[PDB]
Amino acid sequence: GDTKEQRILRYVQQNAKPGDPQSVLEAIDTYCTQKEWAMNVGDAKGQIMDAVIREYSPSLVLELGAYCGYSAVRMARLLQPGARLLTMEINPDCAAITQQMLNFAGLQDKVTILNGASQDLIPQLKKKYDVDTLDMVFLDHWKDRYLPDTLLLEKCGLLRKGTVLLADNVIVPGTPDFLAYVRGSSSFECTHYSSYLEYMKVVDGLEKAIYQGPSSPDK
């Protein structure tokens, strides 16, 4: 009953060092570069993510779509003490892998893993996980859900002025409805970070969208 995700974790556990998040990232990256491709990894993309965390120093981060925990390790390793990552993952086996990955990296105390669908878990954050508002949201789950989960987040009052959204894969395989909305809306100040996919030979990108506050009613 062996899976690609079990193999990734196994490769880390064998080749990385426990409590060393950087060796974990490098292990995953080497594996996915040289043995078999996997979703939601990549050091080039990781550079942009790093820079965003470093610049805004969020205290509360929400990630949609943990997969194997590469991005959770990536972000949580830069979080200040007391800072927390909440990460959502719809597939229980992947949720389990993410947990073990984070444990191995030594970050399990910085991260809460939620196993469920985003539209189900997001409205529970205030009541169940003591969230007031989020400082940063990383989107890397199902692409057709970027837009409605962003609207859901706004709806639920989880966004504040200055909340950073960072969306992966907005070019490949692309999230046109999402891009059109956040760029067209006065509620988001948007920046595009291109990133080359060196082996598939194509430019992808991340979108950073800074929440500006709600659209105000007409006078």
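From 1 onward, residues are counted along the sequence shown.
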Greater mean Cα temperature factor according to the PDB record, 25 to 33 or 189 to 197: 189 to 197
Between the two ranges 75 to 83 and 93 to 101, the one averaging a larger CA B factor in the entry: 75 to 83
Residue of maximum C-alpha B factor among 63, 55, 168, 154, per deposited coordinates: 55
Largest Cα B-factor, entry values, listed residues 12, 206, 210, 203: 203
Residue 111 - which third its CA temperature factor falls in, relative to the rest of the chain: middle
Assigned third (lowest, middle, highest) for the C-alpha B factor of residue 2: middle
Assigned third (lowest, middle, highest) for the C-alpha B factor of residue 163: middle
Within-chain third of residue 136 by Cα B-factor, per the entry: middle
Chain third (lowest, middle, highest) by recorded CA B-factor, residue given as residue 175: highest
